[PDB]
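Trainee: final-v4.cif is reproduced below (mmCIF, N, CA, C and O atoms).
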```cif
data_input
loop_
_atom_site.label_atom_id
_atom_site.label_comp_id
_atom_site.auth_asym_id
_atom_site.auth_seq_id
_atom_site.Cartn_x
_atom_site.Cartn_y
_atom_site.Cartn_z
N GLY F 1 120.51 174.29 28.18
CA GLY F 1 121.64 175.03 27.57
C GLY F 1 122.68 174.08 27.00
O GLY F 1 122.67 173.92 25.78
N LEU F 2 123.53 173.49 27.86
CA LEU F 2 124.74 172.71 27.48
C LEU F 2 124.37 171.55 26.53
O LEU F 2 123.49 170.72 26.85
N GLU F 3 125.01 171.54 25.37
CA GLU F 3 125.04 170.38 24.46
C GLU F 3 126.42 169.74 24.53
O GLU F 3 127.41 170.47 24.46
N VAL F 4 126.46 168.42 24.64
CA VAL F 4 127.73 167.65 24.64
C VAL F 4 127.63 166.59 23.54
O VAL F 4 126.75 165.74 23.61
N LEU F 5 128.51 166.72 22.55
CA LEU F 5 128.76 165.75 21.47
C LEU F 5 129.80 164.76 21.97
O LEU F 5 130.86 165.18 22.42
N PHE F 6 129.47 163.46 21.97
CA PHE F 6 130.37 162.34 22.32
C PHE F 6 130.79 161.68 21.02
O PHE F 6 129.91 161.27 20.25
N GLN F 7 132.10 161.70 20.78
CA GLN F 7 132.78 161.06 19.63
C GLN F 7 133.20 159.67 20.12
O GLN F 7 134.34 159.54 20.62
N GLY F 8 132.28 158.72 19.98
CA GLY F 8 132.13 157.53 20.83
C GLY F 8 133.19 156.48 20.51
O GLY F 8 134.24 156.80 19.98
N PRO F 9 132.94 155.20 20.88
CA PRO F 9 133.91 154.13 20.66
C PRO F 9 134.41 153.98 19.22
O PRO F 9 135.55 153.61 19.10
N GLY F 10 133.58 154.23 18.21
CA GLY F 10 133.99 154.17 16.79
C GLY F 10 133.94 155.55 16.16
O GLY F 10 134.51 156.50 16.74
N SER F 11 133.26 155.66 15.02
CA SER F 11 132.72 156.93 14.46
C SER F 11 131.34 157.22 15.08
O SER F 11 130.60 158.05 14.51
N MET F 12 131.01 156.56 16.19
CA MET F 12 129.80 156.78 17.03
C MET F 12 129.66 158.27 17.38
O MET F 12 130.55 158.82 18.07
N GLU F 13 128.58 158.90 16.91
CA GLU F 13 128.12 160.25 17.34
C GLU F 13 126.97 160.04 18.33
O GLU F 13 126.16 159.13 18.10
N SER F 14 126.93 160.81 19.41
CA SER F 14 125.74 161.00 20.28
C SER F 14 125.75 162.38 20.93
O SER F 14 126.85 162.94 21.11
N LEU F 15 124.58 162.91 21.28
CA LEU F 15 124.39 164.21 21.94
C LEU F 15 123.69 163.99 23.29
O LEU F 15 122.80 163.15 23.32
N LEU F 16 124.12 164.71 24.33
CA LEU F 16 123.28 165.01 25.52
C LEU F 16 122.87 166.47 25.42
O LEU F 16 123.73 167.30 25.10
N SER F 17 121.60 166.76 25.67
CA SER F 17 121.08 168.14 25.85
C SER F 17 120.77 168.31 27.34
O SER F 17 119.71 167.83 27.77
N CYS F 18 121.69 168.89 28.09
CA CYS F 18 121.51 169.20 29.53
C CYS F 18 120.54 170.38 29.65
O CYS F 18 120.50 171.22 28.72
N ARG F 19 119.81 170.44 30.77
CA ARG F 19 118.58 171.25 30.92
C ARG F 19 118.90 172.75 31.08
O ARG F 19 118.48 173.53 30.20
N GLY F 20 119.58 173.16 32.16
CA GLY F 20 119.52 174.53 32.70
C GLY F 20 120.33 175.55 31.92
O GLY F 20 120.48 175.39 30.70
N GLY F 21 120.80 176.59 32.61
CA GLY F 21 121.62 177.67 32.05
C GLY F 21 123.09 177.38 32.27
O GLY F 21 123.72 176.80 31.37
N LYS F 22 123.59 177.71 33.45
CA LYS F 22 125.04 177.73 33.77
C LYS F 22 125.55 176.28 33.90
O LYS F 22 124.88 175.46 34.54
N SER F 23 126.72 176.01 33.31
CA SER F 23 127.37 174.68 33.29
C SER F 23 128.77 174.73 33.93
O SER F 23 129.33 173.65 34.14
N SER F 24 129.32 175.91 34.21
CA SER F 24 130.73 176.10 34.66
C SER F 24 130.82 177.24 35.67
O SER F 24 130.18 178.27 35.45
N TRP F 25 131.63 177.07 36.72
CA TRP F 25 131.75 178.02 37.87
C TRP F 25 133.22 178.35 38.14
O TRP F 25 133.75 178.06 39.21
N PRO F 26 133.92 179.02 37.20
CA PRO F 26 135.32 179.42 37.43
C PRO F 26 135.45 180.30 38.68
O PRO F 26 136.43 180.15 39.38
N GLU F 27 134.47 181.15 38.94
CA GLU F 27 134.49 182.15 40.05
C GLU F 27 134.46 181.43 41.41
O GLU F 27 134.60 182.11 42.43
N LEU F 28 134.26 180.10 41.44
CA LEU F 28 134.14 179.34 42.71
C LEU F 28 135.48 178.72 43.12
O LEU F 28 135.56 178.22 44.27
N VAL F 29 136.49 178.77 42.25
CA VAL F 29 137.85 178.28 42.60
C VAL F 29 138.36 179.14 43.76
O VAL F 29 138.29 180.39 43.64
N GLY F 30 138.81 178.51 44.85
CA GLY F 30 139.39 179.19 46.02
C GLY F 30 138.38 179.44 47.11
O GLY F 30 138.79 179.90 48.17
N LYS F 31 137.10 179.15 46.89
CA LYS F 31 136.03 179.28 47.91
C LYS F 31 135.94 177.96 48.69
O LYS F 31 136.49 176.95 48.22
N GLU F 32 135.27 177.98 49.84
CA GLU F 32 134.98 176.76 50.66
C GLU F 32 133.97 175.90 49.88
O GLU F 32 132.99 176.48 49.30
N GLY F 33 134.18 174.58 49.89
CA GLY F 33 133.36 173.59 49.18
C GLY F 33 131.86 173.82 49.37
O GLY F 33 131.13 173.75 48.37
N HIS F 34 131.43 174.12 50.60
CA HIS F 34 130.00 174.18 50.99
C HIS F 34 129.37 175.47 50.47
O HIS F 34 128.20 175.41 50.07
N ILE F 35 130.12 176.58 50.44
CA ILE F 35 129.67 177.86 49.82
C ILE F 35 129.50 177.60 48.32
O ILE F 35 128.44 178.00 47.78
N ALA F 36 130.49 176.96 47.70
CA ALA F 36 130.53 176.66 46.25
C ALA F 36 129.33 175.79 45.86
O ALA F 36 128.62 176.16 44.90
N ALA F 37 129.12 174.70 46.59
CA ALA F 37 128.03 173.73 46.32
C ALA F 37 126.67 174.44 46.42
O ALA F 37 125.79 174.16 45.59
N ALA F 38 126.51 175.35 47.40
CA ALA F 38 125.25 176.10 47.59
C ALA F 38 125.04 177.04 46.40
O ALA F 38 123.92 177.04 45.85
N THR F 39 126.09 177.73 45.96
CA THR F 39 126.04 178.70 44.83
C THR F 39 125.67 177.97 43.53
O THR F 39 124.80 178.48 42.80
N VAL F 40 126.32 176.83 43.27
CA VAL F 40 126.03 175.96 42.09
C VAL F 40 124.54 175.64 42.05
O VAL F 40 123.92 175.85 41.00
N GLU F 41 123.98 175.17 43.16
CA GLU F 41 122.57 174.70 43.23
C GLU F 41 121.63 175.89 43.13
O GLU F 41 120.59 175.75 42.48
N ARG F 42 122.00 177.02 43.74
CA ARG F 42 121.26 178.31 43.68
C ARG F 42 121.18 178.77 42.22
O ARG F 42 120.07 179.12 41.79
N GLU F 43 122.29 178.71 41.48
CA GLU F 43 122.40 179.29 40.11
C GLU F 43 121.88 178.31 39.06
O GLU F 43 121.58 178.78 37.95
N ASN F 44 121.84 177.02 39.36
CA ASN F 44 121.31 175.99 38.43
C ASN F 44 120.53 174.96 39.25
O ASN F 44 121.16 174.09 39.87
N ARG F 45 119.21 175.05 39.24
CA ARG F 45 118.31 174.22 40.08
C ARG F 45 118.15 172.82 39.47
O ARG F 45 117.52 172.01 40.16
N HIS F 46 118.76 172.55 38.31
CA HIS F 46 118.70 171.24 37.62
C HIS F 46 119.89 170.35 37.99
O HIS F 46 119.88 169.20 37.58
N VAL F 47 120.86 170.84 38.74
CA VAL F 47 122.09 170.07 39.07
C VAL F 47 122.17 169.82 40.57
O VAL F 47 121.64 170.61 41.33
N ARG F 48 122.75 168.68 40.93
CA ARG F 48 123.05 168.26 42.32
C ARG F 48 124.56 168.40 42.50
O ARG F 48 125.29 167.76 41.72
N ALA F 49 124.99 169.26 43.43
CA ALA F 49 126.41 169.57 43.71
C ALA F 49 126.83 168.68 44.87
O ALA F 49 126.14 168.68 45.88
N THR F 50 127.91 167.92 44.68
CA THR F 50 128.49 167.00 45.68
C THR F 50 129.96 167.35 45.83
O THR F 50 130.67 167.46 44.80
N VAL F 51 130.38 167.55 47.08
CA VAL F 51 131.79 167.86 47.43
C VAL F 51 132.56 166.53 47.39
O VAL F 51 132.06 165.53 47.92
N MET F 52 133.73 166.54 46.76
CA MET F 52 134.60 165.36 46.53
C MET F 52 136.05 165.79 46.80
O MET F 52 136.41 166.90 46.37
N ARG F 53 136.85 164.95 47.46
CA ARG F 53 138.31 165.17 47.60
C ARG F 53 138.98 164.94 46.23
O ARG F 53 138.55 164.03 45.52
N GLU F 54 139.95 165.80 45.91
CA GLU F 54 140.90 165.69 44.77
C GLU F 54 141.24 164.23 44.46
O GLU F 54 141.49 163.47 45.39
N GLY F 55 141.28 163.91 43.17
CA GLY F 55 141.91 162.69 42.61
C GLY F 55 141.28 161.40 43.10
O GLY F 55 141.98 160.39 43.04
N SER F 56 140.05 161.43 43.59
CA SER F 56 139.29 160.22 43.97
C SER F 56 138.87 159.52 42.68
O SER F 56 138.71 160.20 41.67
N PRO F 57 138.78 158.17 42.66
CA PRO F 57 138.59 157.44 41.40
C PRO F 57 137.27 157.88 40.74
O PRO F 57 136.23 157.75 41.37
N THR F 58 137.36 158.45 39.53
CA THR F 58 136.17 158.92 38.75
C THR F 58 135.54 157.73 38.04
O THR F 58 136.25 156.98 37.36
N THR F 59 134.23 157.55 38.27
CA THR F 59 133.28 156.74 37.49
C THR F 59 133.31 157.22 36.03
O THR F 59 133.28 158.45 35.81
N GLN F 60 133.30 156.28 35.08
CA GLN F 60 133.39 156.55 33.62
C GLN F 60 131.99 156.74 33.03
O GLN F 60 131.54 155.92 32.23
N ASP F 61 131.33 157.83 33.42
CA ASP F 61 130.02 158.29 32.90
C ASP F 61 130.03 159.83 32.89
O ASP F 61 130.94 160.42 33.49
N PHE F 62 129.07 160.43 32.19
CA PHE F 62 128.81 161.89 32.17
C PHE F 62 127.33 162.09 32.49
O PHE F 62 126.52 161.50 31.80
N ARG F 63 127.03 162.91 33.49
CA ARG F 63 125.66 163.21 33.98
C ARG F 63 125.40 164.72 33.90
O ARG F 63 126.17 165.48 34.53
N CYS F 64 124.37 165.11 33.15
CA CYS F 64 123.86 166.50 33.00
C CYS F 64 123.51 167.12 34.35
O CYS F 64 123.62 168.37 34.45
N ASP F 65 123.09 166.32 35.34
CA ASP F 65 122.47 166.82 36.59
C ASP F 65 123.47 166.78 37.74
O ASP F 65 123.04 167.01 38.87
N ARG F 66 124.74 166.50 37.48
CA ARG F 66 125.79 166.37 38.53
C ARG F 66 126.83 167.48 38.37
O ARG F 66 127.26 167.75 37.23
N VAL F 67 127.22 168.10 39.48
CA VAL F 67 128.37 169.04 39.55
C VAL F 67 129.25 168.58 40.71
O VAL F 67 128.82 168.68 41.89
N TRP F 68 130.40 167.99 40.38
CA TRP F 68 131.45 167.68 41.37
C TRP F 68 132.06 169.01 41.82
O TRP F 68 132.47 169.79 40.94
N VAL F 69 132.06 169.28 43.13
CA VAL F 69 132.85 170.38 43.76
C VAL F 69 134.13 169.76 44.33
O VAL F 69 134.07 169.17 45.40
N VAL F 70 135.24 169.83 43.59
CA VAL F 70 136.50 169.11 43.92
C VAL F 70 137.34 170.01 44.84
O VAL F 70 137.70 171.13 44.42
N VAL F 71 137.62 169.51 46.05
CA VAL F 71 138.30 170.28 47.13
C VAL F 71 139.59 169.56 47.52
O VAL F 71 139.67 168.31 47.36
N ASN F 72 140.54 170.32 48.08
CA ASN F 72 141.80 169.80 48.67
C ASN F 72 141.53 169.39 50.12
O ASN F 72 140.37 169.45 50.54
N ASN F 73 142.58 169.00 50.83
CA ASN F 73 142.59 168.53 52.25
C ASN F 73 141.95 169.59 53.18
O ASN F 73 141.53 169.24 54.27
N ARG F 74 141.91 170.86 52.78
CA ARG F 74 141.40 172.00 53.57
C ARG F 74 139.95 172.33 53.20
O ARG F 74 139.39 173.23 53.81
N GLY F 75 139.34 171.65 52.22
CA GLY F 75 137.93 171.86 51.84
C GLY F 75 137.74 173.03 50.88
O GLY F 75 136.59 173.45 50.65
N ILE F 76 138.83 173.50 50.28
CA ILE F 76 138.86 174.61 49.29
C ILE F 76 138.75 174.02 47.88
O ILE F 76 139.46 173.04 47.58
N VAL F 77 137.93 174.64 47.03
CA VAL F 77 137.71 174.25 45.61
C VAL F 77 139.00 174.52 44.83
O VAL F 77 139.47 175.68 44.86
N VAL F 78 139.50 173.52 44.09
CA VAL F 78 140.82 173.60 43.39
C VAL F 78 140.63 173.75 41.88
O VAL F 78 141.59 174.13 41.22
N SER F 79 139.45 173.43 41.35
CA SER F 79 139.13 173.43 39.90
C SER F 79 137.74 174.05 39.73
O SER F 79 136.92 173.97 40.64
N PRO F 80 137.43 174.66 38.56
CA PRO F 80 136.08 175.18 38.31
C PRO F 80 135.08 174.03 38.35
O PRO F 80 135.23 173.08 37.60
N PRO F 81 134.08 174.04 39.26
CA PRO F 81 132.99 173.06 39.21
C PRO F 81 132.24 173.24 37.89
O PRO F 81 132.00 174.35 37.46
N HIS F 82 131.92 172.13 37.24
CA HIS F 82 131.20 172.09 35.94
C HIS F 82 130.30 170.86 35.91
O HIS F 82 130.55 169.90 36.67
N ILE F 83 129.27 170.90 35.07
CA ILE F 83 128.35 169.76 34.81
C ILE F 83 129.19 168.57 34.32
O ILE F 83 130.22 168.80 33.66
N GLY F 84 128.80 167.36 34.70
CA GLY F 84 129.45 166.12 34.23
C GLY F 84 129.34 165.01 35.25
O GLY F 84 129.37 163.84 34.86
#
```
Could you render the structure from this file as structure tokens?
Mentor:
Amino acid sequence: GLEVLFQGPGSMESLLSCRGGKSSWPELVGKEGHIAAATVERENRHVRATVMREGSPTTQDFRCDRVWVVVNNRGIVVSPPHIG
């Protein structure tokens, strides 16, 4: 499903064609990290969902098969989990 156009270091164009259907989980904001991560993997079998604390240093890459489930100190999802 998901196509991502990267407007690269120059006039560099590149595309990623990510595999599955769903790329974004707005309905998971406010749920427990572990419920959210299970739902992500259930709804898209091509992505690996990993729970992460807010504002941890982000690696400068984009991965079709990764869904960060970003949680606060209480383990609650604060942002829509999405592919990247």
Trainee: Selected by the PyMOL selection byres ((chain F and resi 23-25) around 6) in the shown coordinates: which residues, as an MDAnalysis selection string?
Mentor: chainID F and resid 21:22 26:29 79:83
Trainee: Could you spell out the hits of the PyMOL selection byres (((chain F and resi 51 and name CA) around 12) and name CA) on the shown file, as a list in words?
Mentor: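 This file gives the following for the PyMOL selection byres (((chain F and resi 51 and name CA) around 12) and name CA): residues 32, 33, 34, 35, 36, 37, 38, 40, 48, 49, 50, 52, 53, 54, 56, 66, 67, 68, 69, 70, 71, 72, 73, 75, 76, 77, 78, 79 and 81 of chain F.
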Trainee: Write out as a list in words which residues come within 6 Å of residue F:64 when counting all atoms listed in the file, dropping same-chain ones fewer than 2 positions away.
Mentor: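 Here the answer would be residues 18, 19, 46, 47, 62, 66, 83 and 84 of chain F.
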Trainee: Name the residues of chain F that come out as strand (DSSP E) in a backbone DSSP run; write them as a ChimeraX atom specification.
Mentor: /F:3-7,13-17,48-53,66-71
Trainee: For the atom pair atom CA of residue F:65 and atom N of residue F:20, what is the interatomic distance in Å to one decimal place?
Mentor: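 Atom N of residue F:20 lies at a distance of 8.3 Å from atom CA of residue F:65.
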Trainee: What is the atom CA of residue F:3-atom CA of residue F:45 distance in Å, reported with one decimal?
Mentor: 17.4 Å
Trainee: Would you please work out which residue, of F:39, F:60, F:17, F:44, is nearest to residue F:1 when using all atoms listed in the file?
Mentor: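 Of F:39, F:60, F:17, F:44, the one nearest residue F:1 is F:17, counting all atoms listed in the file.
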Trainee: Quick one: apply the PyMOL selection byres (((chain F and resi 15 and name CA) around 7) and name CA) to the file and drop the selected residues here as a PyMOL selection string.
Mentor: chain F and resi 3-6+14+16-17
Trainee: Using the chain letters and numbers from this document, which residues of stretch 5-80 of chain F does DSSP assign to helix (DSSP H, G or I), as a PyMOL selection string?
Mentor: chain F and resi 26-28+33-43
Trainee: To one decimal place, how far is atom CA of residue F:9 from atom CA of residue F:57 in Å?
Mentor: 21.5 Å
